[PDB]
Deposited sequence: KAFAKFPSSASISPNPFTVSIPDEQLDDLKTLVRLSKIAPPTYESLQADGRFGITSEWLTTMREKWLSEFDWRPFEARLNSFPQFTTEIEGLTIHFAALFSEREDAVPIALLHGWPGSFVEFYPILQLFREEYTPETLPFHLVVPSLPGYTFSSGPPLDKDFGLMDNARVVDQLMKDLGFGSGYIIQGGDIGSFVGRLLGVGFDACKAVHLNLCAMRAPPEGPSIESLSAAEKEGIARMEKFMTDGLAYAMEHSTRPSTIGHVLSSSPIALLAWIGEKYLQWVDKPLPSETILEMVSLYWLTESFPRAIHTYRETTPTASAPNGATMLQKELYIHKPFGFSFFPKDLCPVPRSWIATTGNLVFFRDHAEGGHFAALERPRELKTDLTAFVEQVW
């Protein structure tokens, strides 16, 4: 119950949430993993560098671990180690984890995840704050919502389209319900960075934004590639490779969400192969295999995939004009992220007053480099709030 008390200005009632997956669901997951088949070996699946996707060796090993080493209960207990709640917004059940401070002057911050992530991606950071502060000394209110369509949050709606602006509207309303209408800051990566930009652009309660992803093309009337250094050019090269050789998954999410939704819902191995590839290719240092199995099992048990990809038709079909962030804007650069563009480019998309360049780390910053992201966010808030 420590860090679980709602701010005095919150207008909603606390509805504590606990993850409790029935044994039957875990048994059926195991059964389906066991019955699932693996593709026959091919030239492509035998390439150790995995330039064609996951290897047969990796998938075979993971399937075996999922059946003999994997245990959901310990992970579930970990999920339940932090305060969690649910509240209804526009008919949707919105789940969120949080660490609330008892300090009246604490700065409200919403940490937004992306795909194939979830609220759990921020647990390592919440853990650091919990180890370093007490409810009476915590400088911030940390809210980690599950975006519509992800894990324990329901939706999106079945009778109407839902996009990035709708996601932004839900996040802003949640913060207002928790009593942060006078102001809050947003931290976002992946899809959360798209939502975060929209919040910084059109929602007044959002006072500042810190992102670790700025997907963009060469600026209009700004710095050209020829004005960039060797290191910055290597980054642009990596971005071009991602946009040409690494975006197929996104194009399928965007153009045929119904088909891929059904494909990945049919077998847990299908889901593991598709999402696992990203947990393997988007990081700097390899993640523990059990971490990947936990994340995939979480998506499977909550039927997240088919509901979460609705935003791809908008992120994967301006930044200097209509979507320019006029409010204090901060950025944390990790070299192995998907689109490592230079500071000069990011600076054209908003009032960039804070920039931190890191030597290591990939796409899942909160998971890979929690100390660095936490440290960066703290410095940003202290500077602009």
> What residue ranges of the deposited sequence are absent from the coordinates?
Replying inline: 318 to 326
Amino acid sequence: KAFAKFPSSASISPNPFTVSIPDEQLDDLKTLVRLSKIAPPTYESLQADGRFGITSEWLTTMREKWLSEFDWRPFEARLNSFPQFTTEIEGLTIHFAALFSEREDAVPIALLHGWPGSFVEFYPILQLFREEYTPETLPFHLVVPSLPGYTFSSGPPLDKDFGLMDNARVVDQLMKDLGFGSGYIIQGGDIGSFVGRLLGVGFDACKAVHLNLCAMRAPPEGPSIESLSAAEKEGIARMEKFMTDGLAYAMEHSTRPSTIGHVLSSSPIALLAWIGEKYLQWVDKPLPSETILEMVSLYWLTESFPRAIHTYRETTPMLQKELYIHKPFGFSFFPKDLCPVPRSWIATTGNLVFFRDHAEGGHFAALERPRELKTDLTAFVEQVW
From here on, numbers count along this sequence of modelled residues.
> Where do the C-alpha atoms have the higher mean temperature factor in this entry, in 300 to 308 or in 231 to 239?
Replying inline: 231 to 239
> Comparing 59 to 67 with 318 to 326, which stretch shows the greater average C-alpha B-factor in the deposited entry?
Replying inline: 318 to 326
> Highest Cα B-factor in the deposition, which of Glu277, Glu221, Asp172, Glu294?
Replying inline: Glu221
> Between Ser266, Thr244, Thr255, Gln84, where does the Cα B-factor run highest in the record?
Replying inline: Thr244
> Once the chain's modelled residues are ordered by C-alpha B factor and cut into thirds, is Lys160 in the lowest, middle or highest one?
Replying inline: highest
>> How does the C-alpha B factor of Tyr249 compare with the rest of the chain: lowest, middle or highest third?
In response: lowest
> Compared with the other modelled residues in the chain, in which third is the CA B-factor of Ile186?
Replying inline: lowest
> Split the chain's modelled residues into thirds by Cα B-factor; is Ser153 in the lowest, middle or highest one?
Replying inline: lowest
>> Quick check on the deposited entry: does the C-alpha B-factor of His95 sit in the lowest, middle or highest third of its chain?
In response: lowest
